[PDB]
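Chemist: Pasting an experimental structure with its sequence.
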Amino acid sequence: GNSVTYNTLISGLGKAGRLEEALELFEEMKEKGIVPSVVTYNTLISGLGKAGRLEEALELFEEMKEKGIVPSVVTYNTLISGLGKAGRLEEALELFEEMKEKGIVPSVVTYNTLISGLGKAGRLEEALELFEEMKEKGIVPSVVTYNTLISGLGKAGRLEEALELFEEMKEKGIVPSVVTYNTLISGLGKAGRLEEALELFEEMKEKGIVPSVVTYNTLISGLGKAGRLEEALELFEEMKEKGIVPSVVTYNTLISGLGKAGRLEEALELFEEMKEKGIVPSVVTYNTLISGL
């Protein structure tokens with residue numbers, strides 16, 4: 001047993017999940033003073049990552065550094081992924097800087113990862129810039145990345161820039177996720193801009209993706225306060241003739257907007273129809289029927 005034996009053996013242990021034994025195997029691949037392969041390090045360290053075991057992985061990465069062994073994307077990208085899941089962002093950005101300083105090219109999933117991170121930790125403006133580096137060196141922003149920026153801006157209330165990133169999204173060709181559109185919906189909705197919203201709902205239902213219940217709900221909430229009851233009923237019987245389950249929020253909304261605009265009976269049979277589908281009639285609905293008699 002020299003080298004590649006050990007390595008493939010580790011390929012097997014690794015895939016089997018028998019990792020501690022692999023680490024110990026490394027201990028015997030080191031005690032007698034031997035050098036493993038970059039492949040081995042990659043896999044072993046990847047396992048180290050997946051199973052949380054991160055710091056040891058870093059130390060082994062440094063050990064690899066003192067061995068002259070050159071990392072390779074998936075290596076770094078892993079490290080990064082690890083540090084990111086644990087939110088140790090800045091250190092990972094540091095190592096990423098090391099990466100680009102040693103000539104190795106950050107991938108797309110790389111930036112995607114960083115951005116996932118920095119977005120999660122809110123520091124957005126630091127990351128938009130990473131993303132713009134990302135375009136300036138060519139690498140295509142996958143839907144992941146974009147949607148990240150989108151949710152970011154969304155909760156940050158930059159609004160406009162996002163829509164730009166959104167209308168430069170579809171134009172670039174890539175497909176806008178569902179979560180995207182529903183979040184955008186939250187965007188325009190909060191701002192109470194029904195028009196541009198609904199038209200983006202038109203722009204989404206025309207591309208082959210299906211709106212979540214949340215979209216409907218909020219939409220008809222905005223409309224719920226907007227007094228355009230009719231088109232809301234339209235979207236909600238459409239909701240029926242689309243399959244989506246009307247949440248208690250939605251039903252309570254319609255019934256409240258109907259409780260805002262009299263009609264009475266329709267809402268009562270809507271209340272029956274609400275029960276027949278199994279639901280928890282919230283007291284606010286009841287009080288809605290109170291404030292209308």
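Modeler: Great, that's in hand. Numbering: from 1, shown residues only.
Chemist: What are the buried residues along the helix or strand residue 60 falls within?
Modeler: Residue 60 is located in helix 55-65, with elements delineated by DSSP states H and E. For helix 55-65, a neighbour-count test (16 or more other C-beta atoms under 10 Å) marks 57-58, 60-61, 64 as buried. For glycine as for every other residue, the C-beta is placed from the backbone atoms N, C-alpha and C.
Chemist: Just give me the closest of these to residue 230.
Modeler: Nearest to residue 230 out of the buried residues of helix 55-65 is residue 57 (C-beta to C-beta; 60.0 Å).
Chemist: closest to residue 234 among the buried residues of helix 55-65?
Modeler: The closest of the buried residues of helix 55-65, once distances to residue 234 are taken by C-beta to C-beta, is residue 57, at 55.7 Å.
Chemist: who touches residue 257 in this structure?
Modeler: 220, 223-225, 227, 229, 232 (C-beta atoms under 8 Å, 6 or more residues apart in numbering).
Chemist: oh, I was asking about residue 90
Modeler: Applying C-beta under 8 Å, 6+ apart to residue 90 gives no contacts.
Chemist: residue boundaries of the helices in the stretch 151-293 of the chain?
Modeler: Remark: helices assigned in the stretch 151-293 of the chain by DSSP state H, counting those that start in this stretch are 160-172, 178-190, 194-205, 213-226, 229-240, 248-258, 265-275, 283-290.
Chemist: among those, which is nearest residue 120?
Modeler: Closest approach to residue 120 among the helices of the stretch 151-293 of the chain (C-beta to C-beta): helix 178-190, 14.7 Å.
Chemist: chain center to that closest one: distance?
Modeler: 14 Å (C-alpha atoms, centre = their mean, to the nearest Å).
Chemist: Can you list the neighbours in contact with that helix?
Modeler: By C-beta under 8 Å, 6+ apart, the list of residues contacting helix 178-190 from outside reads 143, 146-147, 150-151, 154, 159, 162-163, 166, 194, 196-197, 200-201, 204, 209-212, 214-215, 218-219, 221-222.
Chemist: Likewise for stretch 25-44?
Modeler: 3-4, 6-7, 9-11, 13-14, 19, 22-23, 60-61, 64, 67, 69-72, 74-75, 78.
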